[PDB]
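J.: My questions all concern the structure below.
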Amino acid sequence: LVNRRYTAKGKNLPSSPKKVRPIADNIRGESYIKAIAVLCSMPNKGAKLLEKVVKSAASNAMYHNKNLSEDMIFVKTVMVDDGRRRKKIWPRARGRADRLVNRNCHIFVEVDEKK
RNA sequence: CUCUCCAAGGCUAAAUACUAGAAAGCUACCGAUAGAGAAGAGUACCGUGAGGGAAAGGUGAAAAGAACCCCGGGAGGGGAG
């Protein structure tokens, strides 16, 4: 399905997919300007990560299609998958130890020329 | 009774038992949770000490390891090779 000419992919980003998915929901299908404004405004780590990926995707589309400006582009699809995990130890009382997982996420954004 | 042997001195190879190992091989033996604990090891780590004791193999036929350009602080990705 993907026009892989027009897309950006960010692998192993430092956030959990459970925390990045809602921000993706708020910009799926929006216009590029509106999405960029939302991601700049909202003060979430996932918001910043999506901002970088979305800007890169728009940049790729513009570079390969010179007659496409910032205001004919809309964020067609947005996917947020889960990535590698790292386990570190959190020690507790009575010699008990717990393992403390750190999750990463993959982010895939494709933009497309507006309707 | 008869029959056998000559102690209170000392020696003796081979047939026998064994392979940590060195050389050459065989396998209705294993093919990475298997096979030695260990394909990288008595290492990491644990205990004052004696001692206990892991996990982790695979690009391609050849690095020919991505010149260069673009987004990005990088990472990562999109082209070109």
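All residue names refer to the structure tokens as shown: chains lettered A, B, ... in order, residues numbered from 1 in each chain, ligands numbered from 1 in order.
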Please identify every residue of chain B that has at least one atom no more than 7 Å from any atom of chain A, counting only C-alpha atoms (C1' of nucleotides), and report them as a PyMOL selection string.
T.: chain B and resi 70-71+76-78
J.: At a cut-off of 12 Å, using only C-alpha atoms (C1' of nucleotides), what residues contact range 40-42 of chain B? Leave out same-chain residues fewer than 5 positions from it and give the result as a list in words.
T.: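 Skipping anything fewer than 5 positions along the chain leaves residues 52, 53, 54, 55, 56 and 57 of chain B.
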J.: Please provide the set of residues having any atom within 8 Å of range 64-69 of chain B, restricted to only C-alpha atoms (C1' of nucleotides), with same-chain residues fewer than 2 positions apart removed, written as a PyMOL selection string.
T.: chain B and resi 62+79-81
J.: Taking N, CA, C and O atoms (P, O5', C5', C4', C3', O3' and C1' of nucleotides) for each residue, export the selection above as a PDB file, in the first residue's frame.
T.:
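Saved the output as again-v9.pdb:
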```
ATOM      1  P     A B  62      31.768 -15.411   1.331  1.00  0.00           P
ATOM      2  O5'   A B  62      33.113 -15.087   0.550  1.00  0.00           O
ATOM      3  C5'   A B  62      33.834 -13.893   0.808  1.00  0.00           C
ATOM      4  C4'   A B  62      34.279 -13.226  -0.469  1.00  0.00           C
ATOM      5  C3'   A B  62      34.437 -11.716  -0.407  1.00  0.00           C
ATOM      6  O3'   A B  62      35.680 -11.317   0.143  1.00  0.00           O
ATOM      7  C1'   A B  62      33.199 -12.303  -2.328  1.00  0.00           C
ATOM      8  P     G B  79      12.805   5.502  -0.729  1.00  0.00           P
ATOM      9  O5'   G B  79      13.490   6.533  -1.725  1.00  0.00           O
ATOM     10  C5'   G B  79      14.593   6.153  -2.530  1.00  0.00           C
ATOM     11  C4'   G B  79      15.252   7.354  -3.159  1.00  0.00           C
ATOM     12  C3'   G B  79      16.404   7.065  -4.107  1.00  0.00           C
ATOM     13  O3'   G B  79      15.972   6.711  -5.409  1.00  0.00           O
ATOM     14  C1'   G B  79      17.046   8.751  -2.595  1.00  0.00           C
ATOM     15  P     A B  80      16.610   5.443  -6.159  1.00  0.00           P
ATOM     16  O5'   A B  80      18.115   5.879  -6.439  1.00  0.00           O
ATOM     17  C5'   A B  80      18.408   7.042  -7.196  1.00  0.00           C
ATOM     18  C4'   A B  80      19.848   7.457  -7.034  1.00  0.00           C
ATOM     19  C3'   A B  80      20.881   6.390  -7.336  1.00  0.00           C
ATOM     20  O3'   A B  80      21.139   6.251  -8.722  1.00  0.00           O
ATOM     21  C1'   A B  80      21.414   7.440  -5.292  1.00  0.00           C
ATOM     22  P     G B  81      21.623   4.839  -9.315  1.00  0.00           P
ATOM     23  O5'   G B  81      23.163   4.772  -8.921  1.00  0.00           O
ATOM     24  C5'   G B  81      23.856   3.536  -8.905  1.00  0.00           C
ATOM     25  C4'   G B  81      24.976   3.541  -7.897  1.00  0.00           C
ATOM     26  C3'   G B  81      25.531   2.180  -7.520  1.00  0.00           C
ATOM     27  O3'   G B  81      26.471   1.689  -8.461  1.00  0.00           O
ATOM     28  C1'   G B  81      25.123   3.433  -5.562  1.00  0.00           C
TER      29        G B  81
END
```
J.: Check the DSSP output for the backbone and give back, as number ranges by chain, the residues of chain A in strand (DSSP E).
T.: A: 7-13, 73-91, 97-113
J.: Give the alpha helix (DSSP H) residues of chain A, as DSSP finds them on the backbone, and put them as a PyMOL selection string.
T.: chain A and resi 17-27+32-41+45-64
J.: Tell me which protein, DNA and RNA residues are within 7 Å of range 21-34 of chain A, counting only C-alpha atoms (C1' of nucleotides), leaving out same-chain ones fewer than 6 positions away, and put them as a list in words.
T.: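 My reading of the contact set: residues 46, 47, 70, 71, 73, 74, 75, 76, 77, 78 and 80 of chain A.
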J.: Write a file of the selected residues as a compact mmCIF listing (two decimals), in the first residue's frame, keeping N, CA and C atoms.
T.:
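This is the output file out23.txt:
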```
# COMPACT_ATOMS: atom_id res chain seq x y z
N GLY A 46 6.26 11.92 23.50
CA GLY A 46 5.77 11.35 22.27
C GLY A 46 5.44 12.41 21.24
N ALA A 47 4.93 13.55 21.69
CA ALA A 47 4.65 14.63 20.76
C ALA A 47 5.92 15.09 20.06
N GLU A 70 3.93 22.92 1.75
CA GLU A 70 3.52 22.54 3.10
C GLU A 70 2.02 22.54 3.31
N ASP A 71 1.25 23.10 2.39
CA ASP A 71 -0.18 23.25 2.61
C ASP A 71 -1.04 22.42 1.66
N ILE A 73 -0.26 19.06 1.91
CA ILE A 73 0.12 17.80 2.51
C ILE A 73 -0.78 17.52 3.70
N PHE A 74 -1.26 16.29 3.81
CA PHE A 74 -1.97 15.86 5.00
C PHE A 74 -1.43 14.51 5.44
N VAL A 75 -1.45 14.28 6.74
CA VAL A 75 -0.85 13.09 7.35
C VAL A 75 -1.79 11.92 7.08
N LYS A 76 -1.46 11.10 6.08
CA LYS A 76 -2.40 10.07 5.65
C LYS A 76 -2.51 8.96 6.68
N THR A 77 -1.38 8.33 7.01
CA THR A 77 -1.40 7.24 7.97
C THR A 77 -0.28 7.41 8.98
N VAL A 78 -0.51 6.86 10.17
CA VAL A 78 0.43 6.95 11.28
C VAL A 78 0.37 5.67 12.08
N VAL A 80 2.37 3.20 15.12
CA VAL A 80 3.31 3.23 16.24
C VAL A 80 3.42 1.82 16.78
```
J.: Which value, in Å to one decimal, gives the distance between CA of residue 16 in chain A and CA of residue 101 in chain A?
T.: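 CA of residue 101 in chain A lies 10.5 Å from CA of residue 16 in chain A.
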J.: Compile the contact shell of residue 45 in chain A as JSON, numbers by chain: residues with an atom at most 10 Å away, counting only C-alpha atoms (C1' of nucleotides), same-chain residues fewer than 3 positions apart removed.
T.: {"A": [14, 15, 16, 19, 20, 23, 39, 42, 48, 49, 50, 51]}
J.: If I take CA of residue 112 in chain A and CA of residue 69 in chain A, how far is one from the other in Å, to one decimal?
T.: 11.2 Å
J.: I'd like the interatomic distance between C1' of residue 35 in chain B and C1' of residue 22 in chain B, to a tenth of an Å.
T.: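 One can read the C1' of residue 35 in chain B to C1' of residue 22 in chain B distance as 24.0 Å.
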J.: What's around range 81-85 of chain A at 7 Å? Count only C-alpha atoms (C1' of nucleotides), leave out sequence neighbours fewer than 2 positions away in its own chain, and write the answer as a PyMOL selection string.
T.: chain A and resi 12+17+79+87+101-107
J.: Filtering to C-alpha atoms, could you give me those residues as a PDB file, in the first residue's frame?
T.:
```pdb
ATOM      1  CA  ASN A  12      13.865   2.498  18.575  1.00  0.00           C
ATOM      2  CA  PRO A  17       4.090   2.916  22.515  1.00  0.00           C
ATOM      3  CA  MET A  79       1.571   3.724  12.901  1.00  0.00           C
ATOM      4  CA  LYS A  87      15.715  -4.848  31.672  1.00  0.00           C
ATOM      5  CA  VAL A 101      11.581  -2.962  31.792  1.00  0.00           C
ATOM      6  CA  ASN A 102      12.348  -0.013  29.518  1.00  0.00           C
ATOM      7  CA  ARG A 103      10.379   0.058  26.274  1.00  0.00           C
ATOM      8  CA  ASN A 104      11.062   1.704  22.925  1.00  0.00           C
ATOM      9  CA  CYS A 105       8.788   2.343  19.968  1.00  0.00           C
ATOM     10  CA  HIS A 106       8.927   2.393  16.185  1.00  0.00           C
ATOM     11  CA  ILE A 107       7.066   5.188  14.439  1.00  0.00           C
TER      12      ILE A 107
END
```
